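First the structure, in the form of structure tokens, and then the observations on it.
Number of protein chains: 2
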Amino acid sequence: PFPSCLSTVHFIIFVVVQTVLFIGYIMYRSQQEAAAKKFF
Amino acid sequence: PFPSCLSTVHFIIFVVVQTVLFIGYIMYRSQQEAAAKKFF
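Residue numbers (full-length UniProt numbering), protein chains in the order written: chain A, 471 to 510; chain B, 471 to 510.
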């Protein structure tokens with residue numbers, strides 16, 4: 471039985487998911503730093 | 471038919487695409503922060 475060598479399709483999905491989850495994390499962190507600076 | 475393994479060229483291109491878009495995006499974020507700090 472074929473060993474689970476990585477496919478192209480699953481690789482593209484996980485890179486986009488890693489990019490989208492980190493960009494949304496950047497926007498969510500940028501919104502916290504903007505909101506924290508507004509109170510000072 | 472062979473399972474579509476992620477080629478070396480296929481992996482490198484998606485690394486560069488993810489990195490250069492990363493180079494663009496974070497630099498685009500700091501210039502907004504620099505422009506926002508210039509108006510306050």
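Note that beta-carbon positions come from the ideal geometry of N, C-alpha and C, so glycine has one too.
query: Going by the CB atoms, is the gap between B:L476 and A:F481 shorter than 8 Å?
result: Reading the first sequence from its first residue, position 11 is the one you call residue 481 of chain A. Reading the second sequence from its first residue, position 6 is the one you call residue 476 of chain B. For the pair A:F481 and B:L476, the CB atoms are nearer than the 8 Å cut-off.
message: Count Cβ pairs between the stretch 488 to 506 of chain B and the stretch 493 to 501 of chain A that sit closer than 8 Å; are there 3 or more?
response: Below 8 Å, enough C-beta pairs join the stretch 488 to 506 of chain B and the stretch 493 to 501 of chain A to call them touching: three or more.
- request: Have a look at B:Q501 and B:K508 and give me their C-alpha separation to the nearest angstrom.
  value: To locate residue 501 of chain B, count along the second sequence from 1; it is residue 31. To locate residue 508 of chain B, count along the second sequence from 1; it is residue 38. Computed Cα separation, rounded: 10 Å.
message: Less than 8 Å between the beta carbons of A:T478 and B:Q488, yes or no?
response: One-based indexing of the first sequence puts residue 478 of chain A at position 8. One-based indexing of the second sequence puts residue 488 of chain B at position 18. Contact flag unset, no.
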